[PDB]
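Peer 1: Partial complex here, more coming in a sec:
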Amino acid sequence: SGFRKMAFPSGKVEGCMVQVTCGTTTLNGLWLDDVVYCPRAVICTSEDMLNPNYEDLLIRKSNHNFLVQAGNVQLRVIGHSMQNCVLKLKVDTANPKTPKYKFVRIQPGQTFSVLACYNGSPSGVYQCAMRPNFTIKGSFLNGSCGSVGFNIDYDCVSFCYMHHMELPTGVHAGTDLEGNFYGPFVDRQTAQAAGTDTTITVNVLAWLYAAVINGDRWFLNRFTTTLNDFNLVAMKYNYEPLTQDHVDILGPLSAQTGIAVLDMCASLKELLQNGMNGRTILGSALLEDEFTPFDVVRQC
């Protein structure tokens, strides 16, 4: 029993984290087999960052301009190239700690674990969702560039995020591991802003099922609603529309609790219209939307 914001164990990723220095700029890299992956922003300096031309900056570099440190050992760079917004530094030593892994891009509404790192050194682990507006509400300080986000599927680490930058609202933006940004953001220090966000409805429903599984039942009611009358209420409160795919996803959880999805939707509608009136659900006074149906099943 109980329900926590739970991250994947980070050991497999900690053994891949290195430090990358070019000039006076340092950040984190990910060392898998004989390649080190890092944000291409490592090749910029203070003045370059407003309007850098990265192809120009990289042509002016050679292998010996990149200092890669794996704990104590310096790694010898024997090739370099750019793929979208990440650099690939080929090194002369395959990482003996390389796990089985994949590079996967995630969808808004999906969750992942973040291993925050500074100077190649893992500092903390936490769980994040990709927001509908392709930002994440992370916790990141200067030096965290190149920290990675991931899921573990059995023995296999699916890397899905590399951290690049902080937006003015204090939310965070980054790329997948082939260097393609999530959302309409670029790796230069300009006046970019996140678009308007929405609440991830299927996730809020999943969390309500977790609450019931854990004995929190006060928000339940006898009513049911139709998928369309619900979706009509969802729009007014800035919630995403619910699809039949989502109802299907929630199937196992509705089976385990005996509460039809449209039954739980009627509870969500009432919570949205009347609030909680001083009560809590799974320790929170807000409707929580950063747990997927998969997260709930795995933990419960």
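Peer 2: Sure thing, it's come through. Numbers count the residues shown, from 1 in each chain, chains lettered A, B, ... in the order given.

Peer 1: residues touching residue A:139, list them.
Peer 2: A:116, A:124, A:126 (Cβ atoms under 8 Å, 6 or more residues apart in numbering). From N, CA and C alone the C-beta is placed, and that goes for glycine too.

Peer 1: Looks like residue A:126 contacts residue A:113 (just checking).
Peer 2: Yes: if you go by Cβ atoms under 8 Å, residue A:126 and residue A:113 touch, sitting 7.2 Å apart.

Peer 1: what is in contact with these two at once?
Peer 2: residue A:7.

Peer 1: Same drill for those two, tell me which one is more crowded.
Peer 2: Just comparing residue A:126 and residue A:113: by other Cβ atoms under 10 Å the higher neighbour count belongs to residue A:113, 22 against 14.

Peer 1: Who is that one paired with across the strands?
Peer 2: residue A:127, residue A:150 (DSSP bridges).

Peer 1: Is it in contact with residue A:14, as I believe?
Peer 2: No: if you go by Cβ under 8 Å, residue A:113 and residue A:14 don't touch, sitting 11.8 Å apart.

Peer 1: tally of neighbours for residue A:125?
Peer 2: 15.

Peer 1: Just confirm it contacts residue A:6, I think it does.
Peer 2: No: the pair residue A:125 and residue A:6 fails to qualify as a contact (Cβ under 8 Å) at a distance of 10.1 Å.

Peer 1: Return the set of buried residues in stretch A:123-142.
Peer 2: By 16 or more other Cβ atoms under 10 Å, the buried positions in stretch A:123-142 come out as A:127-136, A:138, A:140.

Peer 1: In the residues you listed, find the pair that's most separated.
Peer 2: A:132 and A:140 (20.1 Å; Cβ to Cβ).

Peer 1: mind adding chain B? sequence follows:
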Amino acid sequence: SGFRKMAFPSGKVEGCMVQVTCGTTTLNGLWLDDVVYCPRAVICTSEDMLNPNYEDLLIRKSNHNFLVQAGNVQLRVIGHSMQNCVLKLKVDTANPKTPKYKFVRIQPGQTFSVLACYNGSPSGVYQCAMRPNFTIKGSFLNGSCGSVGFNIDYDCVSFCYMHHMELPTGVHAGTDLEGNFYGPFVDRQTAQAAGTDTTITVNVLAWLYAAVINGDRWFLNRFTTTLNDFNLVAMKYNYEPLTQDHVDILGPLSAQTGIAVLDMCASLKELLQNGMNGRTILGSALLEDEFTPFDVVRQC
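Peer 2: If we add chain B to the chains shown above, we get the following:
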């Protein structure tokens, strides 16, 4: 920027987790040097659990009754003994992954990271506080017995908790690593209940400072209060009294933000008396008390 419930990276602890089986009972153990530590409840069976006499049960065991599995490899048990509520199984192989470590007992109000494990296999990591009533609000299923809680201080893992059981309210109880329970609980399946809990005041203040550091300022006011008029309000809302030690602990955070501790206490008093009225602090609609002053400084 940003503020998350952040755990320590778990790699150093993952390399110590093993499976311990005795009879038809299986749980997790912690393998450090040539010793495996686990809950003594491993030597009980279904009927033994109501009123077990553990000294009796252990005298009836020999080394060959304990099956220890470290991943693929079975470890040979060459000695066994009981210390309070934990068993020490001496094995013929020192763990090559043993980190530098300490066994420390923590105080109510202090936080730690939990590595939830099943059949010796790490499943997830999350951050917990020890509640004033010596329970923790964990997330634990059958098979999680023997999972451990810890902090990392630089390269050194300070183990502080081993999980034993779930109380009827769904909160959790366990021991330090010398097998001494936190709180007035025993390792037998009887009708034990947690005492009444309180809110950890110094932690709520620390979190309010984190909020200000992150640009959340709406709850601030021009007022100040005295330590005693605050402590008078704290009692009515089931908050712990604030000590001058606590004011001292909060010193650095008040210096970084320029907000005197007693100034921030005046904001807490108003939040307690009027609520938040539809607003949030660092993403929460509740006053959060599971971050210590140290947690805030480290993350901010």
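
Peer 1: once more on the neighbour count of residue A:125, with chain B this time?
Peer 2: 26 (other Cβ atoms under 10 Å in any protein chain shown).

Peer 1: Tell me if stretch A:1-21 is near chain B.
Peer 2: Yes: using Cβ under 8 Å from any Cβ of the partner chain, we find that stretch A:1-21 touches chain B at A:1-12, A:14-15.

Peer 1: how near is residue A:1 to residue A:220?
Peer 2: Residue A:1 sits 18 Å away from residue A:220, going by Cβ to Cβ, to the nearest Å.

Peer 1: Could you tell me how many residues sit around residue A:180?
Peer 2: 12.

Peer 1: swap that for residue A:280, sorry
Peer 2: Residue A:280 has 14 nearby residues by other Cβ under 10 Å.

Peer 1: for residue A:1, same thing?
Peer 2: When neighbours are counted by other Cβ under 10 Å, residue A:1 comes out with 18.

Peer 1: Spatially, which residue comes closest to it, not counting chain neighbours?
Peer 2: residue B:170 (4.0 Å; Cβ to Cβ, 6 or more residues apart in numbering or on different chains).

Peer 1: What of residue A:2?
Peer 2: Per Cβ to Cβ, 6+ apart, closest to residue A:2 is residue B:139, 4.1 Å.

Peer 1: List the residues that contact the residue nearest to residue A:1.
Peer 2: By Cβ atoms under 8 Å, 6 or more residues apart in numbering or on different chains, the contact set of residue B:170 is A:1-2, A:214-215.

Peer 1: before we move on, what about residue A:1?
Peer 2: A:214-215, B:139-141, B:166, B:170.

Peer 1: one more time with 10 Å, if that's ok
Peer 2: A:213-215, A:300, B:137-141, B:166-172 (Cβ atoms under 10 Å, 6 or more residues apart in numbering or on different chains).

Peer 1: following sequence is chain C, place it on the structure:
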Amino acid sequence: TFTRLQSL
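Peer 2: Below is chain C, added to the chains above:
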């Protein structure tokens, strides 16, 4: 309601 020693 009884306590649960969460072995397997």
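
Peer 1: can you check the buried residues of stretch A:123-142 again with chain C included?
Peer 2: Of the residues in stretch A:123-142, A:123-140 count as buried by neighbour count, 16 or more other Cβ atoms under 10 Å in any protein chain shown.

Peer 1: In strands only, show me those.
Peer 2: Those of those mapping onto strands are A:123-129, per DSSP state E.

Peer 1: Now tabulate these in a markdown table and tack on distance to residue B:99.
Peer 2: Output for these, formatted as a markdown table (distance: Cβ to Cβ, whole Å):
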| residue | distance to residue B:99 |
| --- | --- |
| A:123 | 16 |
| A:124 | 17 |
| A:125 | 17 |
| A:126 | 22 |
| A:127 | 24 |
| A:128 | 27 |
| A:129 | 32 |
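
Peer 1: near chain C too, which of those residues?
Peer 2: Among these, no residue lies close to chain C (Cβ under 10 Å from any Cβ of the partner chain).

Peer 1: which one of those is nearest residue B:22?
Peer 2: Of those, the one sitting nearest to residue B:22 (Cβ to Cβ) turns out to be residue A:125, at 32.5 Å.

Peer 1: Could you pull up the residues touching that closest one?
Peer 2: Contacts of residue A:125 by Cβ under 10 Å, 6+ apart are A:7-10, A:13-14, A:113-116, B:4, B:6-11, B:113, B:125-127.

Peer 1: switch the cut-off to 6 Å
Peer 2: Contacts for residue A:125 (Cβ atoms under 6 Å, 6 or more residues apart in numbering or on different chains) come out as A:7, A:10, A:115, B:7, B:9, B:125.

Peer 1: For the helix or strand harbouring the third one, buried residues please.
Peer 2: If you go by DSSP states H and E, residue A:115 is part of strand A:111-118. Of the residues in strand A:111-118, those with enough neighbours to count as buried (16+ other Cβ under 10 Å) are A:111-118.
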